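Listed next as structure tokens is one chain, alone, in the form deposited in one PDB entry.
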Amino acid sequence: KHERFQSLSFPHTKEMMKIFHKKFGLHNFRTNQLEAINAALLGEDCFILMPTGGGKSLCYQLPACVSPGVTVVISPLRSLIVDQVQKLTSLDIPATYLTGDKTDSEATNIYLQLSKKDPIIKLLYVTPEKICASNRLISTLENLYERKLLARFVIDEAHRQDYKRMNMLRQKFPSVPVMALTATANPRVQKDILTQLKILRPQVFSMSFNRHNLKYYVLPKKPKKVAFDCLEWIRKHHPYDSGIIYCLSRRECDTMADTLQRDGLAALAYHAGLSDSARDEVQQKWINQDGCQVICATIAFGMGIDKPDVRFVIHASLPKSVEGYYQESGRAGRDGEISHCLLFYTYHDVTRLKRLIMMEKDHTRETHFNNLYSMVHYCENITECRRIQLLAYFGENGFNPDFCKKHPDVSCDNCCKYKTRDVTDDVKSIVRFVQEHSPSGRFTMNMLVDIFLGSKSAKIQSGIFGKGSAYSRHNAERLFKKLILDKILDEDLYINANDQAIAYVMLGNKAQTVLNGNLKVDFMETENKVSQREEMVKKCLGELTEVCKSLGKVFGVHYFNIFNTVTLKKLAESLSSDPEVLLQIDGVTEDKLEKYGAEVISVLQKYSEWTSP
């Protein structure tokens, strides 16, 4: 499995390794990086599957530096292009972009530079619409191609009027290699991407999509106190760190933001109800940690944000699909540092999302109900490892269920925290009871749970009243939720006089199958320091961060593009002002110590006494 691509004896190895160490300041290759770098430098077409934060950028940026000529990178978002170019400029790697969001005089200047004997530009980032609308671009690529200075085509996020366009590039310039990258976890989509690009004999580099540093939690939601719960959890676990709070509605964003602001927390709301410039202002404040620590957002927020130091993502209400949850929680810890993914769950939010699906135009309504049901299952599954649940959902099996046990510092709540019964007789009695009391039904799920348990609060004291005497309230609630998810029972939403969605229970499509036929129902029962030096290291880190923020203002660059969180962390841990020591740190380079070194070394020299333990 790519054994030939594991060699460090190729004619290219020496210049490649020197660029790895001297330009990038790196020391060790991550999974499949060396293999993909070697394959690309040999002129092989590559297909790379890595999760977010895996290190996909190096796979084309290191070869781009080694190769003579220009590596053309096709990317869909202007913001992701701007951020990549900032990283490369910071490292003194000649890079630029053409997105339309460039002056006509400035774009013409990029074409002028590209047509020179030595184009100098190693990486050119383009938007997919430039492949079709820019004759000036294609004529420039034609010129580079005739001169053997078109090194590679990169499709940074491979994900209609995009794929036929990338195929146009291959037909126009067939001898230039192609590298395609994707972070999509969906195994059928990974196959569709690979077959659709139709690349000749591709080298395919894939790996586990398990984000080792993401700690997944699901907590019961107290709807009237969720904002105070988020607030307390933030001040206890991440008072000085950036985060996102995902909320179901625009009003809930404004409420969440207002509550946090009243406690002195720098929080801002982000939803489509805001103007485009107001949204842009919120996003920039949040990325730069400048007047915004917490973004309280609807699904309107996300696409095109690569902030590497998000320490928490809180879902104040569950999302509408597992894919959405995976993408939203996935915004956390892109730098590999421990980050938290916390979801506040209540079944009441499920029927709030069910009324959102009932407001749409259609089979597509049944699809969204199914996707939602898959998300409710993840919430209700308080037994299986949260990592294994998400991975199994995206066709990744064989994964170690002992991961959260082997690495307890990044454990999910299910691994930190079981029987079985043939309840078919009980469900047959529930089904015959809701048949007789079938807005389309007479009772809600809560009413049904009271009756079943034989509660004094029950609205009827006959039929199934007390039938569930052997179940606890928690198990009776779980039993009824299971029947709705299993389509044995169904819910009809009724809008009351206060615009509240009320779910009345009726028979589902599988009710006649449980009684008439024999659909056996199985239910499973459940029950629910410090050091003087370490403190100085912590103090030095805050100072080092402030340095990057002031340098960021003067260079017109995001602070994390000066030095990332891992580099900053390691720099603070060293407490050294000696370059010989600083150059062994990942991301520390001669070019960066020249640019930023004076400001960085002046902070480190103040901790001179604590350098040696």
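If you superpose the two forms and keep the largest set of C-alpha atoms that fall within 1.5 Å, you have the rigid core. Quick note: we count residues from 1 along the sequence shown, nothing fancier.
Asks: Which class fits the unmodelled deposited stretch between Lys285 and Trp286: none, 1 to 3, 4 to 9, or 10 or more?
Replies: Going from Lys285 to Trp286, the model skips no residues of the deposited sequence.
Asks: Count, per the entry, the deposited residues between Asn528 and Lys529 that are not modelled, and return the matching class: none, 1 to 3, 4 to 9, or 10 or more.
Replies: The entry has a long gap there, with 10 or more residues left out between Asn528 and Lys529.
Asks: Quick one: higher average CA temperature factor, 512-520 or 168-176?
Replies: Going by the record's values, the stretch with the higher mean is 512-520.
Asks: Could you check which stretch, 97-105 or 114-122, carries the larger mean CA temperature factor in the entry?
Replies: Between 114-122 and 97-105, it is 97-105 that shows the higher mean C-alpha B-factor.
Asks: Could you tell me which one of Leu88, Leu318, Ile193, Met358 shows the highest CA temperature factor in the PDB record?
Replies: Result of the comparison over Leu88, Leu318, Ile193, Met358: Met358.
Asks: Between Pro128, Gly336, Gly243, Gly302, which carries the biggest CA temperature factor in the record?
Replies: Across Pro128, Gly336, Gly243, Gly302, the entry lists the biggest C-alpha B-factor for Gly302.
Asks: Would you mind ranking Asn561 by its C-alpha B-factor against the rest of the chain and naming the third, lowest, middle or highest?
Replies: Within its chain, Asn561 is a lowest-third residue by C-alpha B-factor, going by the deposited values.
Asks: Could you say whether, by C-alpha temperature factor, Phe433 belongs to the lowest, middle or highest third of its chain?
Replies: It belongs to the middle third of the chain when residues are ordered by C-alpha B-factor.
Asks: Give the position of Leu42 by CA B-factor within its chain, expressed as the lowest, middle or highest third.
Replies: Answer is lowest: the recorded C-alpha B-factor places it there.
Asks: By the record's CA B-factor, is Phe399 among the lowest, middle or highest third of residues in the chain?
Replies: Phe399: CA B-factor falls in the highest third of its chain.
Asks: Comparing against every modelled residue in the chain, figure out the third that the C-alpha B-factor of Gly54 lands in (lowest, middle or highest).
Replies: Lowest third - that is where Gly54 ends up once the chain's C-alpha B-factors are sorted.
Keep in mind the form deposited in another entry is missing from the figure; the text below concerns it.
Asks: Let me spell it out: fit the two forms on their rigid core, measure each listed C-alpha, and pick the one of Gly542, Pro94, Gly304, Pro128 that moves 2 Å or more between the shown form and the other one. Which is it?
Replies: None of the others reach 2 Å, which leaves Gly304.
Asks: Note yes or no: does the Cα of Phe523 move by 2 Å or more between the shown form and the other one after the core is superposed?
Replies: Moves: yes, 2 Å or greater.
Asks: Using the rigid core as the reference frame, would you say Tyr270 shifts its C-alpha by 2 Å or more between the shown form and the other one?
Replies: After core superposition, the displacement of the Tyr270 C-alpha between the shown form and the other one reaches the 2 Å mark, so yes.
Asks: Inspect the rigid-core superposition and answer whether the C-alpha of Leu448 shifts by 2 angstroms or more between the shown form and the other one.
Replies: Superposed on the core, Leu448 moves its C-alpha 2 Å or more between the shown form and the other one.
Asks: Compare the CA separation of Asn475 and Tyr217 in the other entry with the one in the displayed structure, and answer closer or farther (the difference is at least 3 Å).
Replies: Here the pair is closer than in the other entry; there, farther apart.
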